[PDB]
Structures are given as structure tokens and as C-alpha cells.
2 protein chains.
Amino acid sequence: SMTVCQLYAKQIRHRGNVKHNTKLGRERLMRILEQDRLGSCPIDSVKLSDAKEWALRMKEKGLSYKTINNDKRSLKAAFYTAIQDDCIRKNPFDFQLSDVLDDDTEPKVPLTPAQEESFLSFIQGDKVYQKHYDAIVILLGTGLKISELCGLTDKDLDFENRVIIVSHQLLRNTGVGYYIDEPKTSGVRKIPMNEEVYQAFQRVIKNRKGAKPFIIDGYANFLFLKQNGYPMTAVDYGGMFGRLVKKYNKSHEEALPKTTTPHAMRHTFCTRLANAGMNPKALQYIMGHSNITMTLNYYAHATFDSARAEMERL
Amino acid sequence: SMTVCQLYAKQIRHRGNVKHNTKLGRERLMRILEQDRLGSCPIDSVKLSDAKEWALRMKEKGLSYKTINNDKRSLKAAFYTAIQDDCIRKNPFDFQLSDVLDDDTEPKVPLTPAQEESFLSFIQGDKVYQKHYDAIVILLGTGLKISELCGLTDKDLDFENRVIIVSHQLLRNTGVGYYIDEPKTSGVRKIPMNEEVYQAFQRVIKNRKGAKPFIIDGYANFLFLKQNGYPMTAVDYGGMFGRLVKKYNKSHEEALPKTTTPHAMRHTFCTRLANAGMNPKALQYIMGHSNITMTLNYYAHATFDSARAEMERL
DNA sequence: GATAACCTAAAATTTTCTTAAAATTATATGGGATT
DNA sequence: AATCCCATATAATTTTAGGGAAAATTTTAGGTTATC
């Protein structure tokens, strides 16, 4: 429609076969517009300067670079649907955000081999968090995503062949409760269990107690449960991680990286295998990446000296 | 710009900063449009059926699958300019070519180690083609593209460090004759020389004779010269390889792959290093690829068995 | 007198070059358990 | 009595998901010359 908020509203109904988290996402952006000057402006009067200044206010509001850069993409697509409908001729969001803003994103550093051992040793000895020692060993040893872990049921483990069958994730959102989703990439993948993780899974099965009646979209007997008898979710693990890391840094001189969350374990897992010289496409299959490019980002850039040594070695 | 030919002529004049080879290529496609019924049609009367039926005629004419897919990309770009100028609404070339034609491209198989050994041995014993042994040894050992090799001069070799400095390519075309271009991507890169490549350049420098007065775009003293005293070109190495391979297959039971050309040397170089497990980003620097995806195609797909094996080795 | 090498013009083929959804994480807040 | 743990709603950040052809390389036809 005419105003920007109305154009985005039409763009949302146009492409409405989205998942619940996407619905929440679009809702968030829809509110930013309804509060920003850009929201009530006729799209036929939105120039390149108006869009760039919008990114500035977003920054002045407090939003991060990637948040604004993704919202810029949501709006850029909305203005391409209005051009495909002959409402304007030039997309005011077709510009590089790095020209208007500096990318001050926080670097996500994985754990060094030494940090990983200290961190693991602490969890194992901590009276409050040692119960989560298994899940963390499993995260560091498989690269699983947090909701991929939370979806693991009995029928997803092959202890005879020592394989993990990753075919889904368990999610939870306000109102809608729990649901099962597809990884979105089919996208199934099998992960082998090294000795350390093998024992970890076996210990979790043996120590499971108090699971309440719970079957969702055909899945039951989940491995990782909250104290309340229902399965764990990303929020539960993320919140626990935060308390654990703050507890660790209090008794250790060298704190853990500011970004030590459940995904840091995935990042650590991949970085280690890449630095150890693992086959790129094999690491890709294990990580479950759709594009080999995302996997290759974990590989340090090469230099002539770097390349020359590789050829002298081969 | 009513007819497709007029539209394409405008797209070429619009985007005019191109290199000579590009001019020839555009001219080739232009002749096709002039000889095909599609060329004389008004652009606002070209449906999605007209486009596919054009692909069928191109294939029936004999043009390869890749040739047609590239020409479709050129026409699709022209029709996206006509749409940006309020002339059409739907791009008739926005469709997958695999739905209309079968991709029957000849696979480009590299040389097995034994094939390479046999090929090299043959070249070194042939009275006619042994003078090209050094150049072919350099290709297999460096991965240079053919015109990158032709473009090499004395000021491009660092015998002290045993490095090759690739910064340009030497080309020739009917009319303009020789000229110096760029890798067209910082295409500059340094390739280390192994023992066999070092001795190879050493022989080419010592055995050089009869170079005629020649300097182009500031480059003189080229290493690989034709029997006429002027530098070699891709066409020169192309035709020579054609005879050389047709001669080899006459005296060996197992013929060389159909696509055994100067690029096949570059293909072999890359596959070998990739198969031996070279750092993928280091191999990219050597090959001169811009997108790591290009380098990654030389790596065989991974399966669960493949991935579990790597994870066991680590 | 045949072929094969070689050269070049013309033509062909091949190599090469995020238009956000959907997840994960941080935070404010409350009741209950711990030091 | 101050403090941490756990839980959940709300809000924010992060991870993840191709060719809008140019420019090269290769093939071939046709001719001369060297070779067998």
C-alpha cells in the first residue's frame, strides 16, 4: 500500500508460508516501522537518503549492525514487490550498509584447547552444573545445534553403530508451546559418536528420571529434560550457560570469551576440525551446512607462505 | 528497441566497457539473433514459450548446452533492462534451462598419475614435440592458465626464491594482434617452483634463441616463442596439443581423455593437490580463484562413511 | 603423392564471476532454594 | 538477609540460505611447407 508500514504488511501476506519464529520476527520489524518516521511515509516519496537515515536512527536507537542490515533486507524485498507492481522505479534500500554504518559486531571466538579442558573440568566439579556436563561434552563432540540436541529422542540414537540421526529440532515459543520443526535444508544427517560422547549419551539414558507424559508431532522419550519433567529448550540451555560462565569467570583469572554460549560449542567443534586439516566437504556434511561457503569461513585465510608450505609438504 | 536484435544491440551499447574477446562473443550471439526467427520479434510479444522454443532451435542447430545457457543469460540480462525501462513486465528468459534441454556436456576427466607419467615420457622422446616438454611440465606443476604461461617473461621469474609472479596474460586476436590483459579478478599471485619446474624454466631460458624485436604494453623477453620468433599464444598451444594427443593415442592402447588440452593440465594440477588433502583456501590462492566455490568443485562429495573416517583420523 | 606440422581467420565451448527466513541469545521479573 | 537458580514472556542478535555473461580456451577449415 501507500505508507511503508502498509507496504511491509502487504509483503508479509504476499509471502505468508513462514514458520512461527518468522512470524515473530516480522512482528518485531513491523513495530520498529510503526514507531519510526519511515513508517508513515508514502512509498512513492521514499528516497535513498530517507533509507540511509533510517539505518542511522536504528543505530542511534541501540540496534546492532546485523539487526539493521537484516531489516534493511526485509524492506529491500518489500520495495522490490512494489516495483514489480509498478508503484516506484528505484529501490531506496539498494545500497551497502557499510557505507552508512560501521560494522561493530562482536567477534565470536571459539575456545582454545586449554580453555575447553578447564571449562569441562569446572562443569564436572561444579555441584550445580555438573548435571549438564554430558550435554556439553556432546555439544563439543558433535557440533549439534542446541535445538537439534533438545530434539534427540530414543529413536534417534544407534548405540550399536554409534551414530546420531539428526532429522529434526524441538522448539518452544510463548503461547504455541512445543513443536517439532525440520532443520530447513533432505537435510537429515548422521553424526558418529566418539568414545567421549558415546559414554555421555549412555550416561544420560541411565540417569533419566521423572519424564512426564509428552508426545509431540510423533516424537517422545526425549533425552534432555528440565527439572519440571518436560524437555529442555534453547532458552533453558542458553540461560543456564549464562549463569555457568559467570560462575566460571569468578574463580578463573582468564575469563571465557564474551560469546561462550551453546553455539560457541558448535563453533569450537568446527574450528578445531578445520584447523586440524579435515576434509572440507566432510566437515560440511557433519555441520549440516547447505552451502560449502558457510563451512569454509572456519578455515583461516591462506598466505603465500601458507600455500608454499602446503605444496612443499605435498 | 522493439525487436530482440534492437534490444540486444542496446544492451551491448549500454554496457560497453568490455575486453576484445567479449566484443567477439557479443558479435557471435548477435549473428544468431539475426539468423533466428526470435531476433525480429517485438520484445513485448515474447512469451515464456517463445524463449524455450528458441532454446530448442539452438540445440537443434548443434550449439552445445553450455553455449545456450550462457546466451540465455545474455538475453535474460537484456530483458531485465527492458523491464527496468518500463517496456515489458515479465522476463521471458527467467526459467531453468534443464527443463527444456538435457545437459549432455562432455565430462572433463583429469589425468591419472600413470597417464600423466606416460604422457610426459612420450613427449620427452618425441622428436617433433619434445621441445614442448618443459612447458607441459610447467603446466602440470604450476596450474597456470595457458595465456598466463604465454605471458611469462624474465622479469616474472624469481629464481632466487624459486617463485613465479603471475600478474598478466599475453593474448592475440585477428586484427589487434598481441596485447596484455589482466587475470580479470588481485589476480596477482605467486606460485612456488618445485625442483622439476625450476629445472624446467632453467632449460627454457638457456635454450631460447631467435627472439624477434618485440615489446607490448611494457612487456618484453618472453620465455615461450613460436618458430617465427614471436611469443606463443593459446591457439598455438591448443592446436599443438591437438596433434600431440592424436599422435599419442595412435601408439598407446588406452587413449588419453577426450578433453586433454592445456586446461586439462590445470585441471589435473588442482585435482591432484585436492585429492592429496591440501588446505582448500591455500589451493585457492595458487589457482587464482576468486570464489572459494570454484576451488571446491575439485573435491569429491563426502558420505557418512567418508566423514566418519576423517573424524576417526582426528 | 601422401601425410603431418604449422599458421591464421573464423567459430565454438569452457572457465570463471542474498530480492530475510528461522534460528539462538539476552533480559526483566517473579517464586523458591541456598549461603 | 543477601544471593543464586530456575522459569517464562518479551525483545534482540546471530546463524544460515547464484548467476541481471564477461572473458577466457578450444575446435576447425584452409593453405603452405617439411617429412616419410
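- You'll find chain A entered in the PDB entry as Int protein, with Enterococcus faecalis given as the organism.
- What UniProt records for chain A under Sequence similarities (unreviewed entry) is the sentence "Belongs to the 'phage' integrase family."

### Digging into the pattern of salt bridges
Residues and elements named next belong to chain B.
Item 1. As enumerated under the stated definition, the model contains 26 salt bridges over all chains in all.
Item 2. Where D134 meets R203, a salt bridge forms, and the shortest distance between an N and an O atom there is 3.2 Å.
Item 3. A relative accessible area of 12% means that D134 is categorised as buried.
Item 4. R313 is paired through a salt bridge with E310; the nearest N and O atoms lie 3.1 Å apart.
Item 5. According to the relative accessible area criterion, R313 is partly exposed, its value standing at 49%.

### Description of the interface of chain A and chain B
Item 1. In this complex, chain A contributes 31 residues to the contact, which on the side of chain B involves 29 residues.
Item 2. Elements that contribute at least two residues to the side of chain A that touches chain B include exactly strand 5 (189-192), helix 11 (280-287), helix 12 (292-296) and helix 13 (304-313) of chain A.
Item 3. Tallying contributions element by element places helix 13 of chain A first for the side of chain A that touches chain B, with seven residues.
Item 4. Across the side of chain A that touches chain B, the residue classes tally to 19 nonpolar, seven polar and five charged.

### Details of unusual backbone geometry
Residue and element names in this part refer to chain B.
Item 1. With a phi close to 55 degrees, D86 is a non-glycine residue in the positive phi region.
Item 2. Assignment of secondary structure puts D86 in the loop between helix 4 (65-84) and helix 5 (113-125).
Item 3. At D217, a residue that is not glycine, the phi angle is positive and equals roughly 55 degrees.
Item 4. When you line up the elements, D217 lands in the loop between helix 8 (195-206) and helix 9 (234-251).

### Focus on the side chain of B:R189
Residues and elements named next belong to chain B.
Item 1. As for its placement among the helices and strands, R189 is situated in strand 5 (residues 189-192).
Item 2. On the basis of relative accessibility, which here comes to 4%, the residue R189 falls in the buried class.
Item 3. A distance of 2.7 Å separates a polar side-chain atom of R189 from the backbone oxygen of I286.

### Overview of the packing of aromatic side chains
Item 1. Scanning the model with the defined rule gives 18 aromatic pairs over all chains in all.
Item 2. Judged by centre distance (6.3 Å) and plane angle (50 degrees), the ring pair of A:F119 and A:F241 falls under tilted. A single burial state applies to A:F119 and to A:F241, both of which are buried.
Item 3. Following the ring pairs from residue to residue traces out a cluster consisting of A:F119, A:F122, A:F241 and A:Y248.
Item 4. Positioned above the aromatic ring of B:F95 is the side chain of B:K52, whose terminal nitrogen or guanidinium carbon lies 5.7 Å from the ring centre.
Item 5. Above the plane of the ring of B:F95 lies B:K72, whose end atom (NZ or CZ) is 4.7 Å from the centre.

### A look at the sheet that holds strand 2 (residues 163-166) of chain B
Hydrogen bonds along the backbone pair up the strands of a sheet, which may run parallel or antiparallel.
Residues and elements named next belong to chain B.
Item 1. Read from one edge of the open sheet, three strands run 1-2-5, paired in antiparallel fashion. For this open sheet the edge positions go to strand 1 (157-158) and strand 5, each flanked by a neighbour on one side alone.
Item 2. The pairing of strand 1 with strand 2 spans two bridges and is antiparallel. Counterpart to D158 in the pairing with strand 2 is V163.

### Some remarks on the relation of the copies chain A and chain B
Item 1. Superposition of chain A onto chain B requires a rotation of 180 degrees combined with a translation of 0.1 Å along the rotation axis, giving an RMSD of 0.2 Å. Considering both components of the superposition, the chain copies are consistent with a two-fold axis.
Item 2. Here 90% of the contact residues of chain A are again contact residues in chain B; the copies associate through an equivalent surface.

So, how was this worked out
Residues numbered from 1 in each chain as written, not as in the entry; some residues may be left out. Chains lettered and ligands numbered in written order. Heavy atoms only, no water. Residues with missing side-chain atoms left out of burial classes, pairs and counts. UniProt positions renumbered as here; feature names shortened; annotations may be inferred. Salt bridge = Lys/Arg side-chain N within 4 Å of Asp/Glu carboxyl O. Buried < 20%, exposed > 50% of the residue type's maximum accessible area, 1.4 Å probe, protein only. Contact = heavy atoms within 4.5 Å. Helix = DSSP H or I, 4+ residues; strand = E, 2+ residues; numbered from the N terminus. Nonpolar A, V, L, I, M, F, W, Y, C, P; charged D, E, K, R; others polar. Polar contact = N/O pair within 3.5 Å; in protein donor to acceptor, adjacent residues only side chain to side chain. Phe/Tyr/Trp six-rings, centres within 6.5 Å; stacked < 30°, edge-to-face > 60°. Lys NZ or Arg CZ within 6 Å of the ring centre and 35° of its normal. Pairing = 2+ DSSP bridges. Least-squares fit on C-alpha atoms.

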